[PDB]
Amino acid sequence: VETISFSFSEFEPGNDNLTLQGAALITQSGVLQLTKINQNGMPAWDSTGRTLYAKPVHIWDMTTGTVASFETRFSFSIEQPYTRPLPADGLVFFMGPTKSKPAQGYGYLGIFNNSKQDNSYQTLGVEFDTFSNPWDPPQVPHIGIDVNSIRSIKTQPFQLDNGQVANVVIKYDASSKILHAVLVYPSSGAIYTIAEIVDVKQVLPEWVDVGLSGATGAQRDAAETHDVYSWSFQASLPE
């Protein structure tokens, strides 16, 4: 059995186990700020940042046909300081091709280049979408399961607890092919759940990079924070 795991109770600046891209930055206080925060302490618009674990993960094996079960947990907070314009764009946990660089920002969240469902993307993502694009349901924010497209195959709206820490648990059972995600706000006690069948062998390459990506809007002040406090991951390939 091939197993890989990591656990960051907090982030340390200078750590070489994480690949920071775009605006991503680790503060001295141990927080991972996916998108830029100005000198005045306000979140900057037109910003995209990602963080990928420095080691590729063996998600499935073509020879044996076996696929890994995995689980990831993380805590984040989104703060929307302005009433207008509407805040944007959200953050996302994703798995895709190794050695990747940031894609389009804004509504594409740094992982897609358009709104097509293209198999060449080879990307699986669980989004926490704060802005309603034309391909999105009307309700925002919403959790979404993205399979080779920004147009989620399943969506679940949730109420944002402004500036409060949300706990996330995403689990994938290879046997049943069920990807189940949970969002909990300890502050309000709110619990949200979403699940859908996803056969990763049809989506992802055998080896993938796992990461988090965030993006702010396309116009002045259409922004919010995308701060991550901790992140752990574990995967087991029965092989």
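All residue numbers refer to positions in the sequence shown, first residue = 1.
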query: Of 121-129 and 100-108, the one with larger mean CA B-factor; finding: 100-108
query: Between 176-184 and 57-65 (mean CA B-factor, as deposited), the higher; finding: 57-65
query: C-alpha B-factor winner, where the candidates are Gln156, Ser77, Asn113, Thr72; finding: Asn113
query: B-factor third for the C-alpha atom of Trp135 within its chain; finding: middle
query: Ranked C-alpha temperature factor of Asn40 among modelled chain residues, by third; finding: highest
query: B-factor third for the C-alpha atom of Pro205 within its chain; finding: middle
query: Chain-relative CA temperature factor third for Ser230; finding: middle
query: Cα B factor band for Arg151 (lowest, middle or highest third within the chain); finding: middle
